[PDB]
Amino acid sequence: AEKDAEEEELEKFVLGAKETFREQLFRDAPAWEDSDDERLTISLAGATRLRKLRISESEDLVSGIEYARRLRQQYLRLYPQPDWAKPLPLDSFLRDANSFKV
Amino acid sequence: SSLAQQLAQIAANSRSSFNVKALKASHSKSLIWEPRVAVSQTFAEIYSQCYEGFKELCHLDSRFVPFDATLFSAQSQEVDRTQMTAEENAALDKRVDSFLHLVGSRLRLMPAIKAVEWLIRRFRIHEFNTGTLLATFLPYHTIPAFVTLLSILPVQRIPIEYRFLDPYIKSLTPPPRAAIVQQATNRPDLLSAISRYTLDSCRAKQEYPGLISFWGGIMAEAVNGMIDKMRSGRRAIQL
Amino acid sequence: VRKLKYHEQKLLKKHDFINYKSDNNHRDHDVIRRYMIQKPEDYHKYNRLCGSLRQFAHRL
Amino acid sequence: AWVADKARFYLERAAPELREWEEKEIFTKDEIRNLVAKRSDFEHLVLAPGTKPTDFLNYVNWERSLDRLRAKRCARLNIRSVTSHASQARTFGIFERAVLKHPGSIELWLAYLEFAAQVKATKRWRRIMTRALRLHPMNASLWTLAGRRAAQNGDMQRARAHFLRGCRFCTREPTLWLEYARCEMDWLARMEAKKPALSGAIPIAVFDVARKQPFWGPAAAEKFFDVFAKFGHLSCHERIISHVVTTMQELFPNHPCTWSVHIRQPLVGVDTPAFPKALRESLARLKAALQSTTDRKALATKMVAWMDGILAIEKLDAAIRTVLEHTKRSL
Amino acid sequence: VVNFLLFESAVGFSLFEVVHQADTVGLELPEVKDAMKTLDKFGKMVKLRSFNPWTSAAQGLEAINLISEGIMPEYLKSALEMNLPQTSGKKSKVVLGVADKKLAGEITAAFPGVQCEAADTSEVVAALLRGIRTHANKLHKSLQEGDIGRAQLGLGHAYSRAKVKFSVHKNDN
Amino acid sequence: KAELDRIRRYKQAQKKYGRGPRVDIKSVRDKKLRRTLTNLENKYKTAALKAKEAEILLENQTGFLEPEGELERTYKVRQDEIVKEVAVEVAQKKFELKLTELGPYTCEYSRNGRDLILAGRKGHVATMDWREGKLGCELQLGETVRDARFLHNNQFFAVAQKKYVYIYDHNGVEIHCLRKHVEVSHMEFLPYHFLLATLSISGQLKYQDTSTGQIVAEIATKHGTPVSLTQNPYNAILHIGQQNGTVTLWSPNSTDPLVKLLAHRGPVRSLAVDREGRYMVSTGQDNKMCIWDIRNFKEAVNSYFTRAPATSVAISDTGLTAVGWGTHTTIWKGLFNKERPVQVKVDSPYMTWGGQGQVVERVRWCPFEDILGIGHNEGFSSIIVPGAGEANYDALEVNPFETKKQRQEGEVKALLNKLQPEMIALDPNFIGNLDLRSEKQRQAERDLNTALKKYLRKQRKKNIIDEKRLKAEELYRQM
Amino acid sequence: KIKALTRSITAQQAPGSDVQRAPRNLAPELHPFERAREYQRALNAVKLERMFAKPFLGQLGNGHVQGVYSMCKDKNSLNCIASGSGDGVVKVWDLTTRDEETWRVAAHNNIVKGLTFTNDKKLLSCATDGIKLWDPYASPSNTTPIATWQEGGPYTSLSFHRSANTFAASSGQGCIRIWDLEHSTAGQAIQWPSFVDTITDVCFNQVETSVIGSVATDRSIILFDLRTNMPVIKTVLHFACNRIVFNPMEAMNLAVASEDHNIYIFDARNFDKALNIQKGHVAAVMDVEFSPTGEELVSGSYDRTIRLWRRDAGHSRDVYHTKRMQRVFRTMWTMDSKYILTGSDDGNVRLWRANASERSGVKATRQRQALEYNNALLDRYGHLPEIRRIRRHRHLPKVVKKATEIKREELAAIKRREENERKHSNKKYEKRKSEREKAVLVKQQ
RNA sequence: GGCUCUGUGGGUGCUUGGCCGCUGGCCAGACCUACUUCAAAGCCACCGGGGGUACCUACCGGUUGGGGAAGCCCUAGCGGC
RNA sequence: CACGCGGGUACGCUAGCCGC
């Protein structure tokens, strides 16, 4: 640390404590598999829509598995995973649609 | 006057003061001190008096120590809300809502009113968190503290379900329970707001018999009135 | 602009934002407001017609 | 209110030391922005129309704390070039316009004197003390501070002159006169430790003029005897104490204070065979005072306060403990 | 040229040290009169240096009696001995400004190194004390215990009743 | 040596706040003049040094954005990402007013950034306090509107109508109609003078004083209707740009144009100049734009190309520049770095505001925040861009938070310090130099074989005999 | 890493504080038209000071019957002045109350030629009758003189020592004589050996004691010494000199007011050439007076003028004139060095102010900053045409303007005569003698 | 159940797409700063009436000192008209 | 000429020796 507690107190007194204030503020396996995905290869640098999902300025060729990973990252960026993707008798009655019958 | 309408929309959604008179008025709006001294009252003495009140609150109950760390600190003397980003503002909204649910039990005491006076005069709860602040002051709707909060509330920040307090802000008299339950049985929004507030408090285990009796009474009279509205005789309509 | 003080006015003798000398003491504005004319272009149209009439009277 | 202009001058004075702290690696630019913003807010509040000695004191405390934190960071980073000279200069400037804006606040005057005595400005300290005494003559605490620090320095003539002007002014409460007698007998003690003063007649002279000063009372003479009875290890101390008690006998023949000093008179240099003999002597005097014609309630309250002091002293006999408990219980 | 000037008031007397003295030749000018009137152009002339209150209302009564009779009091002599630099006018004198000429003479005969200037005879010290008496409620307020009105009220009643001997033979109420 | 940073500070201060090379003390001869010039050069060295030292007390910080990863670039940022990452006090400032039924809109901020005015071409003039959202005045104006522009304050605004121009007060009451200015199509308000400079359609430029009310100088640009106009504010001269392809620099002291830089082969379409006065960017009808270092009057780099004829251009307080072309605008960062002696072309634009089918009528910068207004045919769109904006204003010159008393004192002080219109040139710091011809004539009054052939040819057409011509003829006989 | 500039209004007002914050950036990029705005503020300064030049302050009471022919201030005091008129009455005024005089007496029979204050409190008057010593400040008013002298010839002027009780009187017999009060009676007469003509004015050097300068009507100045009671030096100029005055700040500089319409500043150690030649008048100068701060000069002329001068200028800093002033005879500063006093020949003692556009009293700090800023600005830009013409332009009365145009025509004519004489004479092979050299005709010891 | 007010959508003219650096692409966008041989033809371009014109400006005719495009010539040139 | 941090001679203290 090489800082005294009294020195840290003089720090918090003289200079301010915005960093610690911000700190106190901000306190299933895949069942089936394919083989065509391993066999595939696509040119990210070639296709202009796929140009925007590569990582470095070297990624042009990619197999279908890592390609699927990039598309999954890009889908998650465009639309986040909603919280409902992550019994009670009355709640079961509400969620049953046989009850609301005219 | 389409231009005037869009501009008034911008002016109501605006949050920061931008000329000196608007700054002086928005700093003059206060709970405890009269506005004549609330204009000329700077932030050091405010923090001194309200920190004394918050100290009395910590010697009342135990769980005010995290807010001693993060909301009533010597850096919160200085921090300005409108210069932080949206996510810092959201985290601040969460901390404010936690403190309001916590302070809702002991609101009839001068220590708690001093703490809320700090939160209003520095973090501008009455302009940024009107929903939760107004729901927390709602169960005490007879006391002069609620009358003053009704005074200092800005008219356009009041959300839609609580927009029935306009005649009382016009004439500063505390609204009666007949008015609250009547607005509850007409709008489902106020009823859902009160129930959401109280269920949030009871999940956070900071409830108290005053709030629980208030919520029970309002929803009971509200369900009575709502069924008395819903009864309509035609079989399909009542179904 | 505030009411000019003594020295400020002595330095800005010739200054006035409202009435220039090219505004003719706002005779256009006084007449337009007196007789409810809606178009200041129509005022100046009347004005140049009356001006041509006076110069014909001058040559006569 | 040209306070923007006045603050501009003071911040433009404070700028080059901050340039030094930036060219060194001691503070980084974010910290320096925090510093200059806090200094701007402080200077505007200081030069504002409505100000307070508490505001001046808080700015003083901040600047002094910045000096201390800078010293800590310098000693941590192993530098020697950066000094405290500019910091002490600006602190002196704050205090000077502080006592200009609020001359009548002894809180601020005492804080300013404390700052001078802390950072080692003795001549400046004497000048500040002189100005503060000229603004607050009736302050016994200020007079005692001047006299005591002068005698601590060793200026007996200057400590004298301060005390003499003080007792010429403050004539209402005897606190300053007690303090002058205290300092004078401390000077006699320092001389005896070094080994006219062979007589030691200056406290007797102070007593003889205190008799005619308008605070002169029985309780005043009691305080005089108390401060005379402290540190009885002296040469003419018995002479002084005898003169005090004879003067009190000649003035207040039956006052309970006079009876109290007749009780505690022979206990001047007692702490050991010399202790219990004087104890028995004063016990006989005490019983004679309790049976004689005197205001027994006031005398016994003085005596039980005195015995509260005695029982606060430890290392005594159980028999005399029980008899003092009995005599205190019979009152 | 003035250096210090006394000023006797009801709560007590104070002596001010003049800095940047006024011009005695153009003293009858509208500019210097306006500067005497306002407060932001008189505090540059006058800076407070020493104050002395009275210890008790009997002492203030003694003050008025001696001062109006013209004789200086002993504690006034004490305060001036504290504030004025000790000198005799063999080579360097100190110029004081007081109001009463007899008081000026008595202070001169007390301290040889103080030449006094009377407000009766010198217009510059006249205008200077006039400005100080006008702005007197603000210059002392930093150490003014209370206000000056009640002290003037009670002190005037004490002085006039002492001169009249009133309560000895008023009982009709 | 530890004095290396000392010499670096002194060199940097002498560069920035020097305003002149230095006095050569060694070459003076009189002793008293030597001493007073040593004293003066020392005082000026201390002045510039303490000014550079006092430049630390600036509170705010200049906005910026830099790319983090190697692949993502700066112009691929979106307004949503910006408004999520930025502070809420400017996230409020980013907004879009929708106005569709009243022609294309031109926006113009006041020079303190408080109030703006927007003019829809078919007659709709509005002045508003856009930060607070309250509008000062709004009017339908009937006929068309060429160009709206604020005056010195936010009090008076001048609208360039179909035939005359009209200046109005704060409530939109029409103060008066200037009819000497006929068919005005471009306007620029010199604000340190008080001059309204109007370019008509006819090519007749007119300079009218606004304080006194008399037109100071009429000039007739003899060639072509004017296509563009702006004001160099370091000189207060008028960069107008004609139709034959040249930009001409004018000033009210001459009928001839002061200079004429040559530009694109088509008519120049838009001009902008730095407030430092360093560089001018101009974009033509030919698809290029190009910059110019003005103080030396040469081209700095090769021409950039814009993929359409640019409708407008405007550069910020700092080095940013916004060219609004076609239907979407772009912003370049490093066109003209001040410190470099030789400039460099930039690969990519800093950032672009995209096209959703709105033709851009005019771009402007809010002069003191990090935002930028576009005026397009669908209305007004104030977007945010971080790098712009001079971070630290000067509350003696211009105050974005001006109180009433401060605005009144500012108006009367600028009225007392108005600049006479004759003091306008290509170097505005010249008042005090030697009138060399007058000085040589004064010193004269105190102190008192190829060319003669053409001289005799010139003097043989007079046909005065002229004893000097006689001596010259005798000399020509001698040769 | 996105970050824009965020400006709350706390930078304009701290909350709860009425103070108006004003952050400042000194970038020349942000403050344009530097030199031009400076020239314009200079022009406003010139127009302001030519508007507010109102120098006339007052008139000391009702004045005298006849003209004011001599006057003198009390160099020890500050508001004690006396003026001796022409009918032989002297009056003593106090400057605080300029309504009525403090002390008057019909002193002599002829005019009061010399007058001074002593160092104690008393005053001396000199007339052709003789000289007399009065005490004007006493608890009884005494109109009788307390000392009288007649022997020694017709006395003409007076001057008093700085510290001691000695004073010199310049007589008419070609001598001055020195008295030491309280132990001398007839005084010691010092004179040049063979000397006849009247010694008009006399003045003790103030900064260096015991050096006496005096001017005689042989168009000559003479310096004496007093520790060795003998004359020292004698220079003959081209015209007679009406007064000599020493400089109260530099020990060796003197100024002679001479009938050549000129004012010469001489160095007493080197009388070979004049140090400075102020030429601004129309008639003869009847009075000169150095400032007590030793940097400005007053010269009251025989015509209707008072000229204020700088020490190294050599031309009119300013000129005062008034129809009511019939002639001007004695002008002197007050020890403030801010108000000058002019005894006229109309019988008035007028009080003007120097620095005729600088008001008195205590100034507020921004006001004094604006004044000093205007003055330094003019000191820089005082030579451009517009500023120059408005700063020099002053209304002179018709007779003075007419006669000074004739004076310029005559001086240009004489210069052209001398120029043609040089060009067509054998004097061409010489250097032009400087005029500071041409001021002194001869010097002798 | 009624009056009044307020808001949203459709209509009030005959139905061929949203965007762009549009013979192609894009709606997740992609690339970003290159390319260059020669400045330009002239005219016109609305201010209410009578009136003065010191100053400035416009136009015309000149004047000192430079300046030399272009035209003409040949003794050929650092030329000559 | 001296002015920051350590150990000594010495403290309800800091005057003095050498380092960091």
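Residue numbers (our numbering), protein chains in the order written: chain D, 387 to 488; chain G, 12 to 250; chain F, 46 to 105; chain B, 4 to 334; chain E, 59 to 231; chain Y, -9 to 469; chain H, 2 to 446.
All residues carry an ideal CB built from backbone N, CA and C; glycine is no exception.
Any idea if H:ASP181 is buried or exposed, counting beta-carbon neighbours within 10 angstroms, 16 or more meaning buried? In the assembly as shown, H:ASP181 is an exposed residue. Its beta-carbon has fewer than 16 other beta-carbons within 10 Å.
Starting from the Cα of E:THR82, find the closest Cα among H:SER78, H:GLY68, H:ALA54 and H:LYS4 and give me that residue. When only C-alpha atoms are compared, the closest one is H:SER78.
Quickly, what does DSSP pair Y:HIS166 with across the bridge? List them, please. In the DSSP output, where bridge partners are listed per residue, Y:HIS166 has Y:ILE157.
Leaving out five residues before and five after H:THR294 in sequence, what residues of the same chain have Cβ atoms less than 6 Å from its Cβ? Scanning its chain for C-beta atoms nearer than 6 Å, with the 5 sequence neighbours on each side dropped, one finds around H:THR294 the residues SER338, in chain order.
Those residues which DSSP pairs with H:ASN263 across a bridge: In the DSSP output, where bridge partners are listed per residue, H:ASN263 has H:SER259 and H:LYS280.
Taking Cβ positions only, does B:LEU286 come closer than 8 Å to chain D? It does not; no Cβ of chain D falls within 8 Å.
So which residues of chain G does D:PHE479 contact, with C-beta pairs closer than 7 Å? Chain-ordered listing is empty here: chain G has no CB closer than 7 Å to the CB of D:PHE479, the nearest sitting near 16 Å.
Status (buried if at least 16 other CB within 10 Å, exposed otherwise) for H:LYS114: Burial call: buried.
On the DSSP letters alone, give me the boundaries of the alpha helix (DSSP H) that H:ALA285 sits inside. No alpha helix (DSSP H) contains H:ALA285, which DSSP labels as neither H nor E.
Assuming G:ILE169 contacts G:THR147 (C-beta within less than 8 Å), just tell me the rounded distance between them. Contact doesn't hold; Cβ gap of about 14 Å is too wide.
Return the Cβ separation of Y:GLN275 and Y:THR317 in integer angstroms, given the expectation that the two are a contact with Cβ distance under 8 Å. About 17 Å separates the beta carbons of Y:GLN275 and Y:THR317, which is beyond the 8 Å limit, so they are not a contact pair.
Below 8 Å between beta carbons is the criterion; list the residues of the stretch 25 to 49 of chain G that meet it against any residue of chain Y, in chain order. Cβ contacts with chain Y: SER25, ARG26, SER27, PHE29, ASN30, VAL31 and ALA33.
By Cβ distance below 7 Å, which residues in the same chain neighbour E:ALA121 in space, the five residues on each side in sequence not counted? Non-local C-beta neighbours of E:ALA121 in its own chain, meaning closer than 7 Å and more than five positions away in sequence, comprise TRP112 and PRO131, ordered along the chain.
Residues of chain G with CB closer than 7 Å to the CB of H:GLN13, please, in chain order. Those within 7 Å of H:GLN13 in chain G are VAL31.
Let me know the secondary structure DSSP gives B:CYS186 once reduced to three states. Helix, per DSSP.
Going by C-alpha to C-alpha distance, which of E:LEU161, E:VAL104 and E:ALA116 sits closest to residue 233 of chain E? An answer regarding residue 233 of chain E cannot be provided, because it is not within the stretch 59 to 231 covered by chain E.
Going by the beta-carbon positions, is the gap between E:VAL156 and E:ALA176 smaller than 8 Å? With a cutoff of 8 Å on beta-carbon distance, E:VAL156 and E:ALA176 are scored as near each other.
What's the C-alpha gap between G:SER116 and G:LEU250? Rounded to whole angstroms, G:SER116 to G:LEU250 spans 40 Å at the Cα level.
Quick one: is E:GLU181 near chain H, going by C-beta distance under 8 Å? Judged by the 8 Å Cβ criterion, E:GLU181 is in contact with chain H.
Verify whether the separation of the beta carbon atoms of H:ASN166 and H:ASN120 is less than 8 Å. In this structure, H:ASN120 lies closer than 8 Å to H:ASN166 by Cβ.
D:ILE428, DSSP secondary structure in three states: In the structure shown, D:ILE428 sits in a strand (DSSP, three-state: E or B).
Please look up how many angstroms separate the CB atoms of H:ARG437 and H:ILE191, rounded, as I've assumed it's under 8 Å. Going by Cβ atoms, the distance from H:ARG437 to H:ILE191 rounds to 30 Å, so no, they are not a contact pair.
Thinking Y:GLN398 and F:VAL46 are a contact (beta carbons under 8 Å), I'd like their distance in whole angstroms, please. With 8 Å as the limit, Y:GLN398 and F:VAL46 qualify as a contact, their Cβ atoms being about 7 Å apart.
Just the chain G side, please: which residues come within less than 8 Å of H:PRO16 by C-beta, in chain order? Annotation: Cβ neighbours of H:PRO16 in chain G (cutoff 8 Å, chain order): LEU34, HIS38, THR53 and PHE54.
Give the list of continuous beta strand (DSSP E) stretches no shorter than 3 residues that lie fully inside the stretch 184 to 224 of chain E. List check, beta strand (DSSP E) in window: nothing returned.
Under 9 Å by beta carbon: chain E residues contacting H:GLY115: Within 9 Å Cβ-Cβ: nothing; H:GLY115 doesn't reach chain E, min ~24 Å.
Bridge partners for H:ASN254 per DSSP, in chain order? Answer is H:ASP268, bridged to H:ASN254.
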